[PDB]
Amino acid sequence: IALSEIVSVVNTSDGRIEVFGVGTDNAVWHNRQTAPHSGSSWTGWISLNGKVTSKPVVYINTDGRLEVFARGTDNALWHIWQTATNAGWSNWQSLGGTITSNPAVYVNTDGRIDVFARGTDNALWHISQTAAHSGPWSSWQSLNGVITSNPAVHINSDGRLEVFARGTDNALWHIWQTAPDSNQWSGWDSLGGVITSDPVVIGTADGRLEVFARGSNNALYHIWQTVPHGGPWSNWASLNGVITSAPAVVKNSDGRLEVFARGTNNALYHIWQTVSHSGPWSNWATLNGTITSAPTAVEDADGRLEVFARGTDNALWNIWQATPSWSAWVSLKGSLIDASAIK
């Protein structure tokens, strides 16, 4: 697997970016913008404690409360959650299980967080809240398959969760709810190709899933639903380049997709749709830096992309999107590790 993202990031319900990563102590730490604008100062790193053995994944409940999922030292899924929106945190609590990947997390149309992770059998498993933004949690449940990457999940424009992963043949595979909120899932299906990164999935401005992944020649590839929330999918297409990390995809404030990834000189590169969403793609361009993780990208409250990546000093660095050139690479300090359960 190509080098992973090292933080999970969200724009919170009060328009501040909040970033979560794993320290050299194997605890989860978070850092938050003090103001809801590009170029804001940062709180600085605060520990949520714990001892984790995967990438932490943050998700926002439908009531705005942040919730973090990660594998623990006992290999169970653990979580920790804000007890009120943007306020204080609970203690860490186990959700049991024994998992062998990073979690992937999404919310159902009924407000129930659904968490996906690989099992000891190498199947995809899932567990979910039984009520909107609320425990108790369900029991684990298998979705079978046998997968060789961390999973990625997104919602279709008809409300059906759909999960993506690399299979034993190194192809992109997927599986989907048969109906919104449903514990009844489809059978596994294959989209072919050969991929050398975790896949990353996004919903387009016109309601279609689009999936990006590094290919066997280390170029960036993508593939998409041809109609909203349905098949057929397209043929694989190449966006070229050569990337030395997992790709990260985000939607600009005007709908245009943009993808970020480490280049072969360890600098950050990006490529974007031009003209409009679903428009033709640009040439790759550099944003400089020397980075030691995959980048992570998010839209801030001013409608600008912000990217995060670990530096040569093992600190987290940040850069954001401005008219002619981007911002400075700015250090948020800290000392992060790649705790990804599959590397």
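Numbers follow the displayed sequence, beginning with 1.
- Residue-level annotation: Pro324 lacks coordinates in a third or more of the other entries compared, counting only those that model residues on either side of it.
- In this entry, 135-143 shows the higher mean Cα temperature factor of the pair 135-143 and 196-204.
- Here 91-99 and 152-160 are compared by their mean Cα B-factor, and 91-99 comes out higher.
- Per the deposited record, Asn122 carries the highest C-alpha B-factor of all listed residues (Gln82, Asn122, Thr109, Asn252).
- Taking only the listed residues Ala294, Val275, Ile60, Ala35, the entry reports the highest CA temperature factor at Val275.
- In the deposited entry, the Cα temperature factor of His126 sits in the middle third of values across the chain's modelled residues.
- Among the modelled residues of the chain, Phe116 sits in the lowest third by CA temperature factor in this PDB entry.
- Per the deposited record, the Cα B-factor of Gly39 falls in the middle third when ranked against the other modelled residues of its chain.
- Among the modelled residues of the chain, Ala261 sits in the lowest third by CA temperature factor in this PDB entry.
- When the modelled residues of the chain are ordered by C-alpha B-factor, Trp45 sits in the middle third.
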